[PDB]
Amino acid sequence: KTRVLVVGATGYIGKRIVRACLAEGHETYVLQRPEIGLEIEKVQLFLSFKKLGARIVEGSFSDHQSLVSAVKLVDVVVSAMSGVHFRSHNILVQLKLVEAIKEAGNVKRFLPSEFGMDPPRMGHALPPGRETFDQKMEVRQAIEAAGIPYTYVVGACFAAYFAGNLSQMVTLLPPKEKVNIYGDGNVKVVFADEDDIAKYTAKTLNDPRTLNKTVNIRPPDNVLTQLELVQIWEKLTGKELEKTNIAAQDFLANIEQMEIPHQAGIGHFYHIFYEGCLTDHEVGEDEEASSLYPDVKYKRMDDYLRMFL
């Protein structure tokens, strides 16, 4: 019964949001852009969405009228626009989409591409990492300036990027013998399986309790220090890892001599693991997803790491 349009449908979190919307029973539309011409994995992803019952809606960010038409078909718009420097960081292209939603006036709610650190709380961040949050703030201001109802989904580290590698930056796999601990390893971080993030997103987008709210993904058992996370892995494997503590000053040593996109990653890591930006404030149960949606049995990080044994 709720009609949903996913923008960024073939993206990392986008494709999960699409499937979650189908499973939740939303009538699900996905935007197929003409520019994805010889990108076979995108094309075939769209084919798989259609087989599961999504509806293809052709549109382009170079064709304002195509965007107006698309969002005229649905009640809710979810954007999963890219926002990682080593991938691509086109958060501002959502501005065109805000303007199309504005012109069409039928959208009952818009979920912009957030799913990360809470932007309005990042005002002190260092560039170039800072650009992520500034751009997402700009999109927020366009949404609110336009009076578009919204939900902002924030709060958790994607497990594949922070959990599966024991938060080592070099890789996505657990380390074999040795691991770096950022500081003392006693800063609480929030970790969430991306499938759960998508499930929460599909459940909130028509939850009246979250209209015009920020929704935090902070599943209580998944608030863990890096050392706790590394110890979960030592338990599963039965092998202690040689741990080396990294003081902040040595984490950041010579950052100015590194490629921009890596500086941005280092900056994001610093806010999460050294400042603890994901756990340094309180949120109430009325604005936290696992409490809003307790039927969702989120995947705990011991189960998540097991798939790597």
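By rigid core we mean the largest C-alpha set that fits within 1.5 Å across both forms. Heads up: residue numbers just count along the shown sequence, starting at 1.
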I'd like to know which segment deviates more from the shown structure in 6 other deposited structures of this protein: 258-266 or 274-282, using C-alpha RMS over all structures and residues after a core fit.
258-266
Taking C-alpha RMS after core alignment, which stretch differs more from the shown form in 6 other deposited structures of this protein: 31-39, or 45-53?
31-39
Would 283-291 or 297-305 have the larger average of its C-alpha temperature factors, as given in the entry?
283-291
Mean C-alpha B-factor comparison - 84-92 and 232-240, higher one:
84-92
Which is it among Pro219, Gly164, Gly155, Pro208: the one with the largest CA B-factor in the entry?
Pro208
Which listed residue, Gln141, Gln226, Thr201, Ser113, has the largest C-alpha temperature factor in the record?
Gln141
Can you tell me whether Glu256 has a C-alpha B-factor in the lowest, middle or highest third compared with the other modelled residues of the same chain?
highest
Chain-wide C-alpha B factor ranking for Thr214, given as lowest, middle or highest third:
middle
Relative to the other modelled residues in the chain, which third contains the C-alpha temperature factor of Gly53: lowest, middle or highest?
lowest
By its CA B factor, does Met169 count among the lowest, middle or highest third of the modelled residues in the chain?
highest
Among the modelled residues of its chain, the C-alpha B-factor of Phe269 falls in the third labelled lowest
